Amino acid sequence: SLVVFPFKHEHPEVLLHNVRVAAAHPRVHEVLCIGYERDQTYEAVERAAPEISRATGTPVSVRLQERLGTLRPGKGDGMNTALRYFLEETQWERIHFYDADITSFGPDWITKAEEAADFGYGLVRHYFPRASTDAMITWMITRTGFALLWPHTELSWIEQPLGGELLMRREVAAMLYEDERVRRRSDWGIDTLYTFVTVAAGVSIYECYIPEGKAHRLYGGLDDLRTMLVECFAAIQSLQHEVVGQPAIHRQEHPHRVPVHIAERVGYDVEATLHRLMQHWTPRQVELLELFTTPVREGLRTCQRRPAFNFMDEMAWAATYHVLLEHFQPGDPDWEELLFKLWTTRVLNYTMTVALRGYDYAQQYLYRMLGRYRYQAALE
């Protein structure tokens, strides 16, 4: 099988460790790195490569991402080109993707995915314990959108639909390559597209639980996620009219108790986030708010003078979400900035009224939120 590591600016020592772990595994036929550009990281990998190819007997290739879609060129081009390499230049049955910056990686990850495919699954996704203030795009954008748009489907039940640790069978890789909406999705929206399309195609899905957890970057304010946010939301919005034709077998390994060191992390700088909410305003943003419900309109306007976010509760976010589905314009800086601030207030509301009540309370809240959104969407 093919194990792929997409990379951009990673410390190279860490990546090559994972490549070496992957190269040593008995069920791996070939490791492949797919890079952003020929940079400091890329060269270091190209050099270290054929040494590991012979020390383990497994072919390790480096290659550059090919421009395959119509959007900012990012992770999506990277994964879509690995898809092309996999399908056009190898005969392997299965392809793994793992993020290049994992520090807790080991052979079990590959073993567990492989064995679940043996069992008959077409797609295996890995999922991880997360802190209560992590994954706010996952929860407030992707899972929320899936739930409001396709409440009867398996979409909103996928644990980590932005997750880049997965395994596909060859015909799943092929079905996704042949898909226009997917090929197009060159930016951060790629994971959303893989998730939506594998589910809508009735691929059978298993989710393995990785107790180690995954290690996330040091955080400032939420603005470190602004681009991801805009792109993840545009992906959902671009699918809003699609129909999901058929059901899917979907099963998930029972999760362990969250490790204490993961429960006890804080995901982002609150002070910086509150500050950033008062910046980058334009009169056009003020006027664009006229499209939103009165409490959201006056709440966000208040942020010009002091931080406000009590108003952005669950119902207010659902109403806000529908307005954005209809009126948000990808690439319009004022829409991107409003999206970003609206979401910030949602994250802050959740953090102070829910996460602050404790880990268990927050988990329970997030699943119940999805359930209320689904029930509401099915009513309309």
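Throughout, we count residues from 1 along the sequence that is shown.
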Read off the CA B-factors in the entry, average them over 25-33 and over 52-60, and name the higher stretch. 52-60
Per the entry, higher mean C-alpha B factor between 87-95 and 184-192: 87-95
Just grab whichever of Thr345, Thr70, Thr353, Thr320 has the top CA B-factor as deposited. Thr70
Based on the PDB entry, the highest CA temperature factor among the options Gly145, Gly267, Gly213, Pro161 is that of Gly213
Check where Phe233 lands among this chain's C-alpha B-factors and tell me if it's the lowest, middle or highest third. lowest
Going by the entry, which third of its chain does the Cα temperature factor of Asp332 land in? middle
Of the three thirds of Cα B-factor ranks in this chain, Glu271 occupies the lowest
So where's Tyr209 on the chain's Cα temperature factor ranking, which third? middle
Once the chain's modelled residues are ordered by C-alpha B factor and cut into thirds, is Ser132 in the lowest, middle or highest one? middle
